[PDB]
Structures are given as structure tokens and as C-alpha cells.
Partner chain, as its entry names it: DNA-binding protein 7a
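Starting off, we have a lone chain in the form deposited without the partner chain, written out as C-alpha cells.
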């Protein structure tokens, strides 16, 4: 019944980059293929006088054969016609860390409590996403209040991802 075409997904109306700046703690993640960020994921968003949004991120990533490593990542956001949809160029402060360019959608936020992010890296031929990821962010590292949690669950369902998240632990690894 529900529409899982990426083109149907609502995003944050009149998204305000300035209000979004600051520290966001990842509480949950839906992983893409070949997942990168594992846990202890903390993002820091900024916007400059030109209105350009950028971010940094720390988090544990586990390179294969079980090598752990606290990644330090950088992202810069190119605006689109939709104020809540961006193109995010990202790289690590170390050369060997994953780089690339992903869609970055702010699906919903209230700026001071929760945020829901979404990226479709590759569409299916029917307009659904073949390879997606999504972060749920909290301003408080101890988690969302119940009212925000319930709003987020609804947004998760609207993205057709509600069954596919895992919790992100924070234990001072970094």
C-alpha cells in the first residue's frame, strides 16, 4: 500500500541550516551496503556567512579482519532547489578513509531535540531505493524523549525503513 518511491518522501519544510548547527549524537542507524560508521557516532554541523553548511563526524569504524579505528570525517553540503535536500561531499582527515558524495536529506527535525536524516545512494528501477542509509540524531546523548521518539518512529516508517535500524552505542570509545 504505502509509497516507498524515494520521489514521494517528504522532507523538512523550510529547513533552517543555522538552527541545525551544533552537536548531534547518532542514536540509531540504518546501514547501507558496505557500512562504514559503526558506533560512537557524533556529528558537528556548522554554517558559514555564505550560508554553506558543513559538518564533521567522529565514530568507530571497523576495517575488515576486525581492526577498530576512530574515524574523523569531514563533510560539505551543496544546496539544491529543495532547502532540505543536499549533496554531501565527504572524506576522512586520513587519506585512506572512505571518501565519496552522497545525497543528504533532512527528512525531519525540530532542531533542539531530534533529527532524521536519509540518503539514497542508488535507486531501484521502480523508484524505490536499492541502497540507502539513515541516521536518527539526538541533541542529548542519553536519547530522545518519548514524544520525539514517537515522531521519529513515524518518519522511519514513512521512509520504509522502520524495521531496519540498529541502536548506536556511546561508550567514550573515541
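Between two forms, the rigid core is defined as the largest C-alpha subset superposing within 1.5 Å. Only residues modelled in both forms are compared. Residue numbers count along the first chain shown, from 1.
Quick note: we don't show the form deposited with the partner chain bound, though the next part is all about it.
Stretch 54-62 is the contacting one of 110-118, 54-62, 126-134, 144-152, since its residues have non-hydrogen atoms within 4.5 Å of the partner chain in the deposited complex. In the deposited complex, the partner chain lies farther than 4.5 Å from every heavy atom of residue 42. Within 4.5 Å of some heavy atom of the partner chain in the deposited complex lies at least one heavy atom of residue 71. Remark: residue 98 counts among the residues lining the partner chain in the deposited complex, judged by a heavy atom distance of 4.5 Å or less. Although the partner is absent here, residue 174 is a contact residue: one of its heavy atoms lies within 4.5 angstroms of the partner chain in the deposited complex. Residues 35, 36 are the members of 6-40 with a non-hydrogen atom no more than 4.5 angstroms from the partner chain in the deposited complex.
Taking 2 Å as the criterion, residue 94 counts as shifted between this form and the one not shown: its C-alpha moves by at least this amount when the rigid core is aligned. Put the two forms on the same core and the Cα of residue 50 is off by less than 2 Å between this form and the one not shown. Inter-residue distance, residue 25 to residue 96 (Cα): reduced by at least 3 Å in the deposited complex versus the depicted form. Note: residue 131-residue 64 Cα separation is 3 Å or more longer in the deposited complex than here. Regions that shift between this form and the one not shown, defined as runs of three or more consecutive residues whose CA atoms all move by 2 angstroms or more after core superposition, comprise 63-67, 94-97.
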